[PDB]
There are 2 protein chains.
Amino acid sequence: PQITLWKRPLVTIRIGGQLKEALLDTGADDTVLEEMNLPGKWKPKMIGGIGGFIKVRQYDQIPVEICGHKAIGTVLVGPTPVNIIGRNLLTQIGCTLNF
Amino acid sequence: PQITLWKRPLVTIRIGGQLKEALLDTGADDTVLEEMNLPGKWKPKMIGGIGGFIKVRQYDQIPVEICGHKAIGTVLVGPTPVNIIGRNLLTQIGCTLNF
Ligand SMILES: COC(=O)N[C@H](C(=O)N[C@@H](Cc1ccccc1)[C@@H](O)CN(Cc1ccc(-c2ccccn2)cc1)NC(=O)[C@@H](NC(=O)OC)C(C)(C)C)C(C)(C)C
């Protein structure tokens, strides 16, 4: 699909057996999801945005479906106001910026 | 052009007669530049990201050339690690996300 930027580029994702709304974010190195209790080992990490750093849990090799396109990679989980799909997954579905 | 996302989508912009590198950011509502002087009256504003809120200077109706494409719009200036081009200007240059 082609997604215009008149509104926030929110799409449906599937993860851990839940459907969620997430922002397709070319300004994000990493994928950061709202708090959820995924199974498996994780590692602590601190990630920084505009207002400073937050503590997140890093989970590896989590399958994520983005608009019916399959992806698998690292997901960070923590106190974010919005679910963010970053470049680590956007590359996997062949996402480009075009103008 | 078509820009892939295996690296950060940094492009050269021209603003106030100066050249700067900036991130094309579909997850940003607003355009936020590192601290710099711009001509004209500004008003204090607050904007929020991950890590919380920051105070910025809001400048209205600033021309910005993004990879040779002209935009004129609101530019915020404040403490950011990277220059961010957000949706307010991305829409002006006809930028879309495609996969
Ligand atoms: C209405 O809210 C917004 O649109 N808020 C904004 C914002 O922070 N956007 C976020 C996504 C977002 C939206 C709304 C609420 C919370 C978060 C991103 O589009 C841009 N942001 C802007 C940003 C980009 C880079 C950096 C940075 C950090 C360390 C070293 C180099 N750069 C910091 C902030 N990037 C990041 O925060 C990412 N950071 C990142 O990839 O760090 C490398 C995360 C996500 C992985 C944390 C702006 C201030 C830019 C307008």
# chains A, B, ... in the order shown; residues from 1 in each chain; ligands from 1
$ residues_near_ligand --ligand "ligand 1" --cutoff "7 Å" --atoms "only C-alpha atoms and all ligand atoms" --output "number ranges by chain"
A: 25-32, 47-50, 80-82, 84, 86; B: 25-32, 47-50, 80-82, 84, 86
$ interface_residues --of "chain B" --to "chain A" --cutoff "7 Å" --atoms "only C-alpha atoms" --output "list in words"
residues 1, 2, 3, 4, 5, 6, 23, 24, 25, 26, 27, 48, 49, 50, 51, 52, 53, 54, 80, 87, 91, 93, 94, 95, 96, 97, 98 and 99 of chain B
$ calpha_fit_rmsd --fixed "chain B" --moving "chain A"
0.4 Å
$ closest_residue --among "A:70, A:34, A:43, A:58" --to "residue 13 (chain A)" --atoms "only C-alpha atoms"
A:70
$ atom_distance --atom1 "CA of residue 45 (chain A)" --atom2 "CA of residue 11 (chain A)"
26.0 Å
$ atom_distance --atom1 "CA of residue 40 (chain B)" --atom2 "CA of residue 83 (chain B)"
19.8 Å
$ select_by_dssp --residues "chain B" --states "strand (DSSP E)" --output "number ranges by chain"
B: 2-3, 10-15, 18-24, 32-33, 42-49, 52-66, 69-77, 84-85, 96-98
$ residues_around --residues "residue 41 (chain A)" --least-positions-apart "5" --cutoff "12 Å" --atoms "only C-alpha atoms" --output "list in words"
residues 57, 58, 59, 60, 61 and 62 of chain A
$ closest_residue --among "A:71, A:76, A:16, A:66" --to "residue 39 (chain A)" --atoms "only C-alpha atoms"
A:16
